[PDB]
Amino acid sequence: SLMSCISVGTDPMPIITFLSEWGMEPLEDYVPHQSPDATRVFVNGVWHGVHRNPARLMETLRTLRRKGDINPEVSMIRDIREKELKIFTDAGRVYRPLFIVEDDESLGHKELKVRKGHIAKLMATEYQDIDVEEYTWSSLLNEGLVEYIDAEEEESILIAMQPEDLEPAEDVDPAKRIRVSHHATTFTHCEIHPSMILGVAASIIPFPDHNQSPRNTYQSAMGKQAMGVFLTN
Amino acid sequence: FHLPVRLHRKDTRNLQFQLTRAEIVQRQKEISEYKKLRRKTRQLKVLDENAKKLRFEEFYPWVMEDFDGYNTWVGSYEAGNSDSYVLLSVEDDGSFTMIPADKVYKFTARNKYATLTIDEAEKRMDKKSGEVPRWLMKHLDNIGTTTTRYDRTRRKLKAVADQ
Amino acid sequence: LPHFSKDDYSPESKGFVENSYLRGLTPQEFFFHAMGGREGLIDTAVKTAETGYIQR
Amino acid sequence: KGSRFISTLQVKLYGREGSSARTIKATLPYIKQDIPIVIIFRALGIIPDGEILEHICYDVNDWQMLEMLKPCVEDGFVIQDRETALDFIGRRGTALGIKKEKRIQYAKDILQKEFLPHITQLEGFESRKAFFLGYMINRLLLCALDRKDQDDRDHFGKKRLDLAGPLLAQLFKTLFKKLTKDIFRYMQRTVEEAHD
Amino acid sequence: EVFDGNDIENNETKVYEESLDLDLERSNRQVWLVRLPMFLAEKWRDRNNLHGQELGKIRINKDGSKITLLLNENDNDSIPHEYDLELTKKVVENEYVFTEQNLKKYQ
Amino acid sequence: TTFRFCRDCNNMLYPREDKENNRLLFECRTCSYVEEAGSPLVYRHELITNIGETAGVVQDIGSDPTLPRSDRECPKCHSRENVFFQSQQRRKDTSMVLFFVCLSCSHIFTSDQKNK
Amino acid sequence: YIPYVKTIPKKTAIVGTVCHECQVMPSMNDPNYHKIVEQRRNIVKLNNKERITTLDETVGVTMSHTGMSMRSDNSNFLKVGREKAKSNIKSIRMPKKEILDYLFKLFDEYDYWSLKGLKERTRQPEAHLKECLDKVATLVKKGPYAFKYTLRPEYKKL
Ligand SMILES: [Zn+2]
Ligand SMILES: [Zn+2]
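In structure tokens, the structure reads:
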């Protein structure tokens, strides 16, 4: 997809050391019958130990990743039911960015962390090139406004298709398509835009959602057989 | 434990047919009474000096045996928490003395319930019968086979006290 | 999809496209419709090869 | 990082649901035979059956899982100490250079350097191996008890995409190994055949 | 340091000038097993240190249930001066501390 | 079934009958330790089992953002917030009944109106 | 039982019994606290490994050491050929009347002499040396002491 990325992987040792300092009891002293609520901690598929307070550990880990101390490519999953905490640092995991949704009780309901002030400086840097301080995609990542999420971590999050209608707490045009609200008040993330699920070839199709799916597949294949200007040289 | 106790490093192979300390002392008593071209080119593979030292040092595990062989514990080296521990010894004045810890050893008891041998075990594992009898150990205990070091030593010591 | 709640059995959750082609499919409907379309494309290829051998 | 070779461990639940005895056997590298799980546990230093079950099942009242484990502890009953279990493992190994006494150590080395290598390969980590083995057995039993569904092979979160980086990495690793082998062969040939 | 095994020949009487028996004399000595943070363990486990100086003080409430460690002012105000000794196990059994050193080899 | 373990070696005990008293004893197969049983039940096969209907309920089940919320009333504390889920047994014979966990008292109730 | 067990004795002593297992944790109400938090955060921040080094020199200059180069290697490493090839000296055949006697004293010393050892002690060419050796001694090839010359029984049995 257009906004898809593949991780290059980093060293897991720093995270393991970090876990040890914050109460990840080693696996050499784990008595299952004396702690039947401990969360098993996995790093790259290795059971390193257990934790008595997974909630705080996950909160600390997520904050560290968002401010920029743990590499954003690192995937952290908390299977609350299974009592497992999996951290993945290996290379080859495909991930994509999403908006971050937090309570922000100022309005009393969950809302995106990114505001119009941020968007103003995003476009200010975009158009100054054609001198305000640089503000790039990395600035969004380091300020905790967007988050890389992979398919495994995608299993433990709730995503809103749009911020227009799903985030606000809750006549209609007869021509508009019927949109389902899903009326959920626990969203954790939001799609940047649904259109980014498509690839390079399908992003040239106009109104692909008014077509039968096989026709979109045919065009994706045929658009690569069309004469144009492959290069200017 | 039955004093004295020894804590040495020794080979644990056949740690069911090794002489107990009491038996050796008795045998010493009776002995005293009785007398009264290469390929010229090979490749060595680099190995981290520490692991080789650990491998050589831990080749023979700790074995803790009392006098009568009643207690026989074999220690195993634990590396998970070996170098992160610290010892505080409470002196007889209320104070504390701090000593760094070197290694952690996990000791498991040996030969308390008359274990079998590998050859005997494999014969039972193979289709000698559909399944091992539930009370096989009780049955073989009465036949006299498969005893323990403690019993193997006590009967010999009583065999001497009787004379 | 990671857009509904666990254990949801409503038509909108399991692939009922309520809209028409004139009105446009929603992103959830678009993906579910694509999943059905992929089924037909695979069936076309496999059945073409197998029926050819049967005919021979 | 370090050797790039892959060793697979399989834990199998023999027998069907209409059988009177379903035991669990694990396949270890360079052993040629599927060993009962209890024997492997004893080879790792956990001789008591209660402790072995504690490593597998983490709930003391989950009698339904313990009931399915009882045949396993029954299968490996005749072995009751670490050394005999190790010798049981060793004689199944495909080396036939070990005579009878280097044979316990051979099994110990196999359990150390080739059994579950992704945790570690250094001496003194049997507890981690035993706990992970119990974790695998627990998941196997959960699926066998209709408490979990078999893992979806198409789940895109269990897949990896190798790009030019890793692809060139393994190619270079293979070629550098060959280069080093040639370097030594030249060294040996120069030393023997008396050349500069 | 390789040596004979069973020793029915009684060779330990001359090969070693010291008792080969484990010394169960100091076993009745209270000992605390303390797990340290990395920053503190990296300077307390140093063998170029530990000259017998006062590392600090250990303070126990009269009624118990709470212990705290107060290091001296020697840390150079780079690490905390107050620590809480968290008793992960109040009653501990089957854990002991044993030493190991070589024996005198002649006579 | 209440598995029993030995006191001296931690191995598994097995049932044995003593005809001198016509009773049930649990004995160890290696160390000769015995103990009279408290119950006469030794085996149980559960062809139709309900163990695992609410498996995975923990003290922070409400923190899961994926679990659906409901407005049903908890009949032990009279609260309206709760998370509900279907049966966790993956046999393809289980009913679609829901299980509700209250986010104020950790009580688990059900929507069943047939047998309850 | 077994009569040999190959123990390793050592001086051991039990010098304490553990009574409490403790966990030292810095107090959050301490002024210097949150310096540890930054230190623990620097643990994950650190990038100890360094990147590969790129050569900015002219490519032709960097390649001047490679392949067929005008420069000659000055290394003394594994020059095994140079070590033994350097030594070389010839020897003239000495009179038979003297070497013949020399072999008999030598044979009196040891009753079995290897060819390489014989040429080393005599330090004479193998060509002439063979004539006298066959004239005095004989070689047993098929026996256990194969490829070893020994004095003939005619003179040995004296
Ligand atoms: Zn028992
Ligand atoms: Zn309630």
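Chains as they are written, first to last, in the authors' numbering: chain A, 540 to 669, 675 to 714, 722 to 784; chain B, 133 to 168, 325 to 451; chain C, 784 to 839; chain D, 246 to 441; chain E, 38 to 144; chain F, 2 to 117; chain G, 201 to 358.
Virtual Cβ for every residue (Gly too), placed ideally from N, Cα, C.
Counting only Cβ-Cβ distances below 9 Å, residue 42 of chain E has contacts in chain B at 142, 143, 150 and 151, in chain order. Secondary structure note for residue 582 of chain A: its beta strand (DSSP E) is the uninterrupted segment 578-582. Not a single heavy atom of ligand 1 lies less than 6 Å from the C-beta of residue 429 of chain B. Listed along the chain, the chain G residues whose CB falls inside 9 Å of the CB of residue 102 of chain E amount to none; the nearest CB is some 13 Å away. Scanning its chain for C-beta atoms nearer than 6 Å, with the 5 sequence neighbours on each side dropped, one finds around residue 366 of chain D the residues 358, in chain order.
Distance from the C-beta of residue 34 of chain F to the nearest heavy atom of ligand 1 is below 6 Å.
Residue 282 of chain D sits away from residue 338 of chain D, with the two beta carbons spaced by 7 Å or more. Fewer than three beta-carbon pairs drawn from the region 101-108 of chain E and the region 205-219 of chain G are found closer than 8 Å, and the two stretches are therefore not classed as touching. The nearest non-hydrogen atom of ligand 1 is less than 6 Å from the C-beta of residue 12 of chain F. Not one heavy atom of ligand 1 lies closer than 6 Å to the C-beta of residue 294 of chain D.
Where residue 425 of chain D is concerned, the enclosing alpha helix (DSSP H) starts and stops at 409-437. DSSP, reduced to helix, strand and coil, places residue 215 of chain G within a strand of the structure shown. Counting only the Cα atoms, residue 142 of chain B lies some 8 Å from residue 42 of chain E.
By the neighbour-count definition (other C-beta atoms within 10 Å, threshold 16), residue 329 of chain B is an exposed residue. Here residue 651 of chain A is buried: its Cβ has 16 or more other Cβ atoms, across all protein chains shown, within 10 Å.
Pairing residue 357 of chain B with residue 134 of chain B, the inter-Cα distance amounts to about 9 Å. By the neighbour-count criterion, in which a residue is buried when 16 or more other Cβ atoms sit within 10 angstroms of its Cβ, residue 144 of chain B is buried.
The C-alpha of residue 794 of chain C lies about 29 Å from the C-alpha of residue 388 of chain D. Residue 545 of chain A has a beta carbon lying within less than 7 Å of a beta carbon in chain D.
Interface flag for residue 377 of chain B against chain E is set, since a Cβ pair is found closer than 7 Å.
Taking a beta-carbon distance threshold of 7 Å, residue 139 of chain B counts as an interface residue toward chain G. Positions of the beta strand (DSSP E) runs, each at least 3 residues long and wholly inside the region 264-352 of chain D, are given as 269-272 and 279-281 in order along the chain. In terms of side-chain proximity, the C-beta atom of residue 29 of chain F is found nearer than 6 Å to a non-hydrogen atom of ligand 1. In terms of CA proximity to residue 55 of chain F, F/101 leads the group F/101, F/115, F/8 and F/5.
Under the DSSP assignment, residue 661 of chain A falls in the alpha helix (DSSP H) whose first and last residues are 655-667. Per DSSP, the unbroken alpha helix (DSSP H) holding residue 822 of chain C starts and ends at 810-838. At a cut-off of 7 Å between beta-carbon atoms, residue 260 of chain D makes no contact with chain F. CA-CA distance, residue 430 of chain D to residue 337 of chain B, rounds to 26 Å. Ligand 2 never approaches residue 71 of chain F closely enough for any of its heavy atoms to be under 6 Å from the residue's Cβ. For residue 140 of chain B, the beta-bridge partners assigned by DSSP are B/351. In this structure, residue 412 of chain B keeps its C-beta atom at 7 Å or more from the C-beta atom of residue 353 of chain B. Interface annotation, residue 745 of chain A: in contact with chain C, CB-CB separation under 7 Å. Boundaries for residue 377 of chain D: no beta strand (DSSP E) harbours it, while the alpha helix (DSSP H) harbouring it runs 371-389, taken from the DSSP string. By the CB criterion at 7 Å, residue 608 of chain A and residue 241 of chain G fall inside the cutoff.
With the criterion CB distance below 6 Å from any heavy atom of ligand 2, the matching residues run F/75, F/77, F/78, F/80, F/103, F/105, F/106 and F/108 along the chain. Contact of residue 146 of chain B with chain G is assigned, a C-beta pair being separated by under 7 Å.
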